[PDB]
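# Report on the structure
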Amino acid sequence: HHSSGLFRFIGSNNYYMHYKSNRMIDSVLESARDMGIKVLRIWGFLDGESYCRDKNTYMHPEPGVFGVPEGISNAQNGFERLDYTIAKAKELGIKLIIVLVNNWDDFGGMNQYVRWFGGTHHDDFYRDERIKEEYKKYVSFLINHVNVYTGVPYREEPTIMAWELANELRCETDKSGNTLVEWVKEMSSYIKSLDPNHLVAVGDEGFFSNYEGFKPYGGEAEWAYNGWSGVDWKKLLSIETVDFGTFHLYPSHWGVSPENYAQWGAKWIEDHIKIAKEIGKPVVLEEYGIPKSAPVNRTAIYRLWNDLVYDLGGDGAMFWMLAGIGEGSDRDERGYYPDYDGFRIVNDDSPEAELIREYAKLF
């Protein structure tokens, strides 16, 4: 059946949909619907006992333990919070991309898996049979989970648009790109064996691996073009069990100069759409951001990048990040979840929010 509240799209990201309250979850989704944002990319992970304790929310505190440990009381189950988010998204017509582990250490990530299994390097996550088996166990538990607000397991839920393997996965110990390609083939194929209904994407930042005729604007952030991170986007996007390509865009973090943020991002977008079009798969700019304190006009940079994705036939453009009302120690001078990283947009009268509303109508 249908989602009561309900292709190319404006989307956004929000990482707290699996551990905050109903009021805060409803605020993000209602903002997304009010702004015309069709797709929200969210975290579906919370790995490791310290991380779960810190949020009083449990998903994967130890190997083979899913949800709240027997014997911990008064804790939230992150599956129940993700259930609420998915049921409210269905009501509000918002499609979700759910990411299954983090490359980074926030919410435990790959390093939490490596610690549980006694490895010594982040990239052991891609290599050690015992770690791969635990990731598969967690993904199988999640995809088969029956949503307590709908009755429908996630495998059969149409409000979920895609599973994503890993947020910003890198493998700096194999700059040929092959270790990541092999792991993405195994895990995208495994998810397709579990779930014949949903799209699968990788979730990588879109780095290239020294391709003829592709060089960075201005010679800056050359590592994003030359394969340093062990991401070879062309090889990833060619995997049969990957349905669309993802790329992210953060010139301020990547070493680009502020006077070059706009043009570097523009060339980056042009290069990714050109490659995706020749391969013949959809491409989504799934995270982009410029810090609020940048000495250039953020709204005009975001206008340029959205215009490019729209004019060149990209399938989606998703800003990092959308927040709504805050509570507790996460509330700012106006009652919103705070802008901790400089990227937050809320449904207000800021020029960025107005621009997003404008482009949500165009896409």
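Residues numbered from 1 in each chain as written, not as in the entry; some residues may be left out. Heavy atoms only, no water.

Per the deposition metadata, X-ray crystallography was the technique used to determine this entry, at a resolution of 1.50 Å.

On to unusual backbone geometry. Among all residues save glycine, negative phi is the norm, and among peptide bonds the norm is trans. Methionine 321 follows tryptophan 320 through a cis peptide bond whose omega is 5 degrees. Looking at the secondary structure, you find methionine 321 in the loop between β10 (316–319) and α13 (351–362). Non-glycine residue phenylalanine 107 carries a positive phi angle of around 65 degrees. Tracing the sequence through the fold places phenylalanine 107 in the loop between β5 (95–99) and α4 (109–116). (Helix = DSSP H or I, 4+ residues; strand = E, 2+ residues; numbered from the N terminus.)

Of note, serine 209 is situated in the loop between β7 (199–201) and α8 (223–226). The contacts of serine 209, once residues within four sequence positions are left out, are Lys175, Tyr225, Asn226, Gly227, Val231 and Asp232. (Contact = heavy atoms within 4.5 Å.)

This brings us to helix α6 (residues 129–143). Under the 1.5 Å per step criterion, the end-to-end length of α6 is 21 Å for 15 residues, consistent within 8% with the ideal 21 Å. Taken as a whole, α6 has its buried residues at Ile131, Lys132, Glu134, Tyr135, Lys136, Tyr138, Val139, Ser140, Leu142 and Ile143. Contacts made by the buried residues of α6 are with α3 (78–92), α4, α5 (124–127), β6 (160–164) and α7 (178–194). (Expected span 1.5 Å × (residues − 1). Buried < 20%, exposed > 50% of the residue type's maximum accessible area, 1.4 Å probe, protein only.)

Next up on the list: the packing of helix α1 (residues 22–35) against α3. Viewed as axis vectors pointing N to C, α1 and α3 meet at an angle of 30 degrees, and their least axial separation amounts to 10 Å. The pairing of α1 with α3 is recorded here as roughly parallel in orientation. Our pair here, α1 against α3, has a crossing hand that is right-handed. Packed against α1, whose contacting residues are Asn22, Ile25, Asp26, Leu29, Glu30 and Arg33, the element α3 presents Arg81, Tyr84, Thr85, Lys88, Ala89 and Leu92 at the interface. Looking at the contact of α1 with α3, its residues break down into five nonpolar, two polar and five charged. (Axes fitted to C-alpha atoms, helices over the stretch in contact; angles between N-to-C directions. Parallel < 35°, antiparallel > 145°, perpendicular 65-115°, else oblique. Left-handed = near helix turned anticlockwise from the far one by under 90°. Nonpolar A, V, L, I, M, F, W, Y, C, P; charged D, E, K, R; others polar.)

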